[PDB]
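First comes the structure, then the notes that go with it.
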Amino acid sequence: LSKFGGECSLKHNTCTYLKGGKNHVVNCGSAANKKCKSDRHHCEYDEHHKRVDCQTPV
């Protein structure tokens, strides 16, 4: 609804997600369970509380 999935950059610790044909970039954050730990890992941005998780599980 207000969540967008994408993939994270290990080097940049960011999540890139697509919305309406437009890429957006958001900081994964520094928490050990939120930062990007593996390049291209599934990540999700929650628009509502402006939350990011770059360790989205399967």
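Swiss-Prot numbering applies to chain A: residues 35-92, in that order.
According to its header, this structure was worked out by X-ray crystallography, 1.8 Å.
Keep in mind that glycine also has a Cβ here, set from the backbone N, Cα and C atoms.
For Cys62, the disulfide partner named by Swiss-Prot from the candidate list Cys77, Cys88 is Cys88. Swiss-Prot names the disulfide partner of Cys49 among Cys70, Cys77 as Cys77. Rounded to a whole value, the Cα-Cα separation of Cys62 (disulfide bond) and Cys49 (disulfide bond) is 6 Å.
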